[PDB]
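Before any comments, here is the structure.
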Amino acid sequence: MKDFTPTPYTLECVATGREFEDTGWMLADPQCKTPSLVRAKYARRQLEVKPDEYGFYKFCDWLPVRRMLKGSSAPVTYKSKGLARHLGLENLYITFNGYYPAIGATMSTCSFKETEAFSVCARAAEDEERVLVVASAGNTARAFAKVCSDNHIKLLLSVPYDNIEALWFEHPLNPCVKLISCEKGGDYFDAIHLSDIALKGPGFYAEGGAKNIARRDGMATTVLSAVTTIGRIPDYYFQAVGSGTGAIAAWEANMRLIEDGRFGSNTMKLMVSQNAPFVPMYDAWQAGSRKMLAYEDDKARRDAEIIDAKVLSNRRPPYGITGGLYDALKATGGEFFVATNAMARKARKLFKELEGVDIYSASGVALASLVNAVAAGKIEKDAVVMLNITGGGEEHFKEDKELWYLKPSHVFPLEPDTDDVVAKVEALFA
Ligand SMILES: Cc1ncc(COP(=O)(O)O)c(C=O)c1O
C-alpha cells in the first residue's frame, strides 16, 4: 500500500460553529448542551480522487481515517439507459452500492454500509483495546462483521432476532465478532437500547450511528462518486431513508463540493423516502415540524414488521438533532415521499428488468419515489438525477454460495436487566 497520510481535519459543532481538535472518537462537542451533530472540517479543501487501487479510500481527502484497510470497494456511478428511457429522463445517473461485477460494483456484503464500515473502522486507533459496539437492523451489522472479522477488530453487534437472517457470510467469521439480540418482536431501536445497556460496561465504546463523522463521510462517497463521475452536482438526490444518515451526508457532501468550487455551486435537492406504514420522518416533514409526532411503541413495532424494507424502520432517527435530517431537508429544499410494499416490489422488478441486477426492498422504495415523482411532473426531463441504489446484488451474490450465519450468543428481553447484560457481554470478550 502507498505512502498514506492520515486525513487532516478538525471538528465543528453544527449548533454553534465552535471548532476544535478531534481527541480521537468525539461524537459530540462536550461544550454544547443542545443536541447537535459535529461535522468534520477537512484541511484539503479541494477533492483529489486517488487511483482505483485505493478502493473506497480513493476519497480519503474527505474521510476521517488514520489508516487504510485491505479489500474495500467504492460506490459505482453510471448513466442509466434502461431506466432512463422507461422514465423519459435524459440525465438519470445510478450510484450502485452492492454486488454487480459487470459494472465494477464489488461490495460483496451488498449495501453501502460497507462505506460506513470501512470508514469507521479506519478512523479508530489500531491500538484500540475497547470492543466496538454497533447496533443495526442487519445491513450495517453485516458490513462491520465482515470488515472487523477480516481485520481482527473486536466488535459487538446488537441486532434484533427478527433480523438475524441478514447476517450471512461467505466464510465463518473471526471470534472477535460477537452478536447479541433483542427478543423476537423487538425492532431496531430496541436493539439500540440493548447496545446502550451493554455500553454501560467497561471496555466498550459506541460507533455512534449518525453521530460518527466516519459513518456520514463514508456514506457521502456515493455523492462524491456521482459528482466526480458526472462532472457536476446533480439536481436531485433520491435515497430511501431509515435514519437519514446518507441524506444528511449527501447534503454535507454537497456543501464540501460547493466550497471546492470546481463542480458548480448548486444545491442538490434531497428526495428521500420511507416504506409505508412506517413513515414517522415523512409525517413530521409533511407537518413542517422538527418534532417527531407521537408513535406508540407497540404500533411502531407492528409497522416495522409490515414493511418490506426492514432497514427503514428507525424509531429514534437523527431527524431533529441540529445538523440532522430536518435541517438538511430545509437547507436543500428537499421533499419526502412514501412508497407502499407494492410499489417497492414493482420497483425491484423494474430495476432488475431494465438495469440487470436485483436490489434490496429499500432501494426499491427510492426507485418507487423516482417513478412517482416523475409521474407527478416534479422532475424536468433534462434534470440531473442521482438515484442512490443503496443495496443490490444479494441474490446475484448468494448464487451457488454456501453461506455462514452469525447467530446471537444471547437473546434478551425488550427491557433487560443492566446487570445481566453487562456481565454477559463482559463474559463474551474475556
Ligand atoms: C440498502 C439500504 N437502504 C436504505 C438504508 C437507509 O439509509 P440511511 O442510513 O441513510 O437512513 C440503508 C441503511 O443502511 C440501507 O442499507
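Atoms within a ligand are numbered from 1 in the order they appear, just like the ligands themselves. Numbers here simply count residues along the sequence, with the first being 1.
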Discussion item. Does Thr140 form a side-chain hydrogen bond (donor to acceptor under 3.5 Å, both in side chains) with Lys113? I'd like the steps, not just the answer.
Written reply: CA-CA 5 Å; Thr140 296; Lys113 294 320 165 42; 3.1 Å; yes
Once you restrict both partners to nitrogen or oxygen, which atoms of ligand 1 have a protein partner under 3.5 Å, and how far apart are they?
| unit_1 | atom_1 | unit_2 | atom_2 | d |
| --- | --- | --- | --- | --- |
| ligand 1 | 3 (N) | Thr390 | OG1 | 2.8 |
| ligand 1 | 7 (O) | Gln239 | NE2 | 3.1 |
| ligand 1 | 9 (O) | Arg215 | NH2 | 3.4 |
| ligand 1 | 9 (O) | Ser243 | OG | 3.2 |
| ligand 1 | 10 (O) | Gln239 | NE2 | 2.9 |
| ligand 1 | 10 (O) | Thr245 | N | 3.2 |
| ligand 1 | 10 (O) | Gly246 | N | 2.6 |
| ligand 1 | 11 (O) | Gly242 | N | 2.8 |
| ligand 1 | 11 (O) | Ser243 | N | 2.8 |
| ligand 1 | 11 (O) | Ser243 | OG | 3.1 |
| ligand 1 | 11 (O) | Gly244 | N | 2.7 |
| ligand 1 | 14 (O) | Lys113 | NZ | 1.3 |
| ligand 1 | 16 (O) | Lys113 | NZ | 3.2 |
| ligand 1 | 16 (O) | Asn139 | ND2 | 3.1 |

Item to complete: Fit a plane to each ring of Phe96 and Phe351, take the angle between them on a 0 to 90° scale, and name the class: parallel (under 30°), tilted (30 to 60°) or perpendicular (over 60°).
Response: parallel
Discussion item. What I want to check is whether the side chains of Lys330 and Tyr326 have a donor and an acceptor closer together than 3.5 Å.
Written reply: yes
Fill in: Electrostatic pair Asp217-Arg256, nearest N-O below 4.0 angstrom
yes
Worksheet item: Of the non-hydrogen atoms in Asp190 and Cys182, which two are nearest, and what is the gap between them?
Response: CB-SG, 3.8 Å
Item to complete: Would you check if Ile197 and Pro416 make a side-chain contact, meaning some heavy-atom pair closer than 4.5 Å?
Response: yes
